[PDB]
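Okay, so here's the structure we're looking at.
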Amino acid sequence: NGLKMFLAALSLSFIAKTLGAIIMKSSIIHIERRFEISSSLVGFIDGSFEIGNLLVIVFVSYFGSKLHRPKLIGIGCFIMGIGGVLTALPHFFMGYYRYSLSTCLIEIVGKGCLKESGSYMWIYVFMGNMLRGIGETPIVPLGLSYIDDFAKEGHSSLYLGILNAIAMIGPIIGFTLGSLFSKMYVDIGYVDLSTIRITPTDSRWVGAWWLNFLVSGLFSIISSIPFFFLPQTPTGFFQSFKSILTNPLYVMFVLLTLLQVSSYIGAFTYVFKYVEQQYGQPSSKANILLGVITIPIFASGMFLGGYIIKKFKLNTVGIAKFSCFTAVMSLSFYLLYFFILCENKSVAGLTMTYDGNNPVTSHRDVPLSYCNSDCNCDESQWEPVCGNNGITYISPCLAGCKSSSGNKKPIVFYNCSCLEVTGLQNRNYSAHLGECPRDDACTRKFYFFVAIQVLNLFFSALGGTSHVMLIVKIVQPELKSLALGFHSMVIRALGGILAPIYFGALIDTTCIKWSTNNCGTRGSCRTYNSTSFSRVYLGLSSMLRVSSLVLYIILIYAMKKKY
Ligand SMILES: COc1ccc2c(O[C@@H]3C[C@H]4C(=O)N[C@]5(C(=O)NS(=O)(=O)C6CC6)C[C@H]5/C=C\CCCCN(C)C(=O)[C@@H]4C3)cc(-c3nc(C(C)C)cs3)nc2c1C
Ligand SMILES: *[C@@H]1O[C@H](CO)[C@@H](O[C@@H]2O[C@H](CO)[C@@H](O)[C@H](O)[C@H]2NC(C)=O)[C@H](O)[C@H]1NC(C)=O
Ligand SMILES: *[C@@H]1O[C@H](CO)[C@@H](O)[C@H](O)[C@H]1NC(C)=O
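Residue numbering for the sequence shown follows the working numbering, beginning at 719 and increasing consecutively.
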């Protein structure tokens, strides 16, 4: 079978590598409640995976190429697997877990601090998590380099497309098992599950991070086994690392992809938030289904992109042109989102006054209306109640409603002072709990967003394999492994970490309501002005793509001249 055998082992690693990445996020919430660790330190534990990966990825790629490549992938995979077991050890070494809107009137940090003194189990998760990052280093730079050197004729692109196609399954298997395990209690098998009172919907409930990280670890350990058997074939660092740079086509190409990948990565991280705020439509009904139909199409694009490159005879200049064509199409489709925007959310007490007689320019220092003034209720509390009129209110207490139907279900307030607007005395002022449902005309618009979103992703998916394929050709044959590593480090150090963080900083200015944390001045933002959020999130995302497209035109001219 020649190089085909190697592909099978590599594809298995790709499923394992992606599985490790998704699992940490799918269980991160459970870990915090279980270890009685401070919220601040939590980001740090999540960060542990990234630092391990970034620190060793550039060094290993250059050094790794000289050494045999099949085995190395194996050592790293194997290390990853040990980390997975290492990450979940605490559960086996810790005792049994211990549990411990309104009508108008008319300590966690301390626990962590105690734990911090001397030695605590939170260090174990961090250590183990870092091991996964170290283990990841030789899966893409060393592995991808091997396929290119020994591929026959122009077949390398097609093989890469297949691996990505297989790689997409990783998250799929990971959400099934990941969520399924969450339904299982953390000490399953140890404690009699008939006495545990907390429920999977309960805040207290702690998920099985130990089985969540055990399956990934076991999967990674088993995945390594084929590699060891495989045959080898079917001042040095500083000098070489410099040569990767001062290579006009290559240097701008890495900056070019940092900007484009950041836009895509940034968009993916906040798309659910954007969809929820702009169209009211929740991800609860969206992500649950749209997140599915999407996987095969995204996977289909990756394979098709690889196939298109393989079938046609494409040179290095040709590949770039094809990559640019996807980018032009992606941006044009991306630019279409601005046209399809619903009207701004109307909330009493923020965009407009509680009475609703006239709008207020600034949400801050909003003077309470007469209906609002009669009831003395806290401004900070948030409880979106939808009135008969259709105007959202900050809280039922703020609305002036003093009656409830019982605790059985959202109690349509018997009367609401603000809701019963002048001219409709007969009409009821009762309100229903939950964010006001968006108007029927707007819902139709939503679908337009989702249809283009799937379509845009597919076009992005078509060119997704191109970035990796293009990079190998421009750089000299000797440094292929290193070039990918430097590019991989740059994409996952800035695109991976900086993009969401600066997006959040930029996005927050638009936000109009701040939830009050016990310690933090601002913990979460309840609602964002829709036009401001749309203009800023899409605009920043689009601006990056426009810059990305501009680089391609400059690059194409440069590439054509050299070749
Ligand atoms: C790490 O976690 C992520 C990261 C990014 C994701 C992403 O954004 C895009 C997919 C992602 C990617 O190709 N992922 C994989 C891969 O193979 N990268 S690669 O570099 O190997 C490839 C050869 C070029 C499997 C990950 C391996 C390494 C990531 C490399 C980081 C830089 N990079 C190229 C990206 O982030 C890209 C951008 C999209 C998605 C999607 N999720 C859905 C579902 C769940 C609703 C639809 S699309 N998941 C992602 C996950 C989970
Ligand atoms: C709104 O509140 C009023 C007062 O509690 C409700 O009931 C009556 O008020 C009128 C005028 O005083 C009279 O019919 C009686 O004094 C009250 N008893 C009833 C129930 O008739 C009114 O029904 C409420 N409207 C709602 C629930 O939308
Ligand atoms: C609203 O109140 C009116 C009486 O004013 C009553 O006839 C009607 O059935 C009520 N409808 C709802 C939605 O409770």
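We treat Cβ as the ideally placed atom computed from N, Cα and C, and that holds for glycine.
Of the candidates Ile1192, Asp1092, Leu1059, the residue whose Cα lies closest to the Cα of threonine 1161 is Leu1059. When the five nearest sequence neighbours on each side are left out, the beta carbons in the same chain lying within less than 7 Å of the beta carbon of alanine 1017 are those of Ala883, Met886, in order along the chain. By the C-beta density criterion, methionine 1261 is exposed, having fewer than 16 other C-beta atoms within 10 angstroms. Distances between the C-beta of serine 912 and the heavy atoms of ligand 3 are all 7 Å or more. Taking 4 residues as the shortest admissible run, the stretch 1149-1237 contains the following complete alpha helix (DSSP H) segments, listed from N- to C-terminal end: 1158-1192, 1198-1208, 1217-1226.
Short note on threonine 1044: C-beta not closer than 7 Å to any heavy atom of ligand 1. In this structure, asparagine 1133 has its beta carbon less than 7 Å from a heavy atom of ligand 2. Short note on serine 1121: C-beta not closer than 7 Å to any heavy atom of ligand 3. Across the structure, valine 1084 and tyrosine 1165 are spaced so that their CA atoms are roughly 36 Å apart. When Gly1213, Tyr864, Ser1233 are compared, the shortest CA-CA separation from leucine 948 is found for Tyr864. Put simply, the backbone Cα of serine 1252 is about 16 Å away from that of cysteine 1243. For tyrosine 903, the beta-bridge partners assigned by DSSP are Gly925. Secondary structure note for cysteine 1104: its beta strand (DSSP E) is the uninterrupted segment 1103-1105.
If you draw a straight line from the Cα of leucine 721 to the Cα of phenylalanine 868, it comes to about 7 Å.
Here the distance from the Cβ of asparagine 1144 to the nearest heavy atom of ligand 2 is not below 7 Å. The closest CA to that of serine 1123, considering only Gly1009, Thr821, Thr1071, is found on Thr821.
Excluding sequence positions up to five before and after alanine 1149, its CB lies within less than 8 Å of the CB of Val1103, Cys1104, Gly1105, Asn1106, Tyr1111, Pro1114, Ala1117, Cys1119, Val1130, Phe1131, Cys1134, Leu1137, all in the same chain and listed in chain order. Rounded to whole angstroms, the separation of the alpha carbons of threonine 1183 and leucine 876 is 9 Å. Counting only the Cα atoms, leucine 1216 lies some 25 Å from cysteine 1237. Burial check for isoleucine 943: the Cβ neighbour count within 10 Å stays below 16, so the residue is exposed. Pairing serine 756 with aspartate 1092, the inter-Cα distance amounts to about 40 Å. Nearest in C-alpha terms to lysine 784, of all of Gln950, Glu994, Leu1049, is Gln950. Assigned with DSSP and collapsed to three states, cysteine 1119 falls in coil, not helix or strand. For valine 803, same chain residues with a beta-carbon under 6 Å away, outside a window of 5 residues either side, are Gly935 in chain order.
Assignment of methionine 812 by DSSP, reduced to helix, strand and coil, places it in the coil class. One alpha carbon belongs to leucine 737, the other to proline 889, and they sit about 6 Å apart. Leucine 1188 and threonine 1034 have their C-alpha atoms roughly 7 Å apart. Taking the C-beta atoms as reference points, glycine 799 is found no nearer than 8 Å to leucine 790. For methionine 902, the CB contacts under 6 Å within the same chain, skipping 5 residues up- and downstream, are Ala926 in chain order. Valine 989 sits in a helix when the DSSP states are folded into three classes. Partner residues in a beta bridge of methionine 1020, as assigned by DSSP, do not exist. Buried is the label assigned to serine 745, since at least 16 other Cβ atoms lie within 10 Å of its Cβ. Taking a contact as a CB-CB distance under 8 Å, the pair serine 1050 and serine 1266 does not count as one, their CB atoms being some 13 Å apart.
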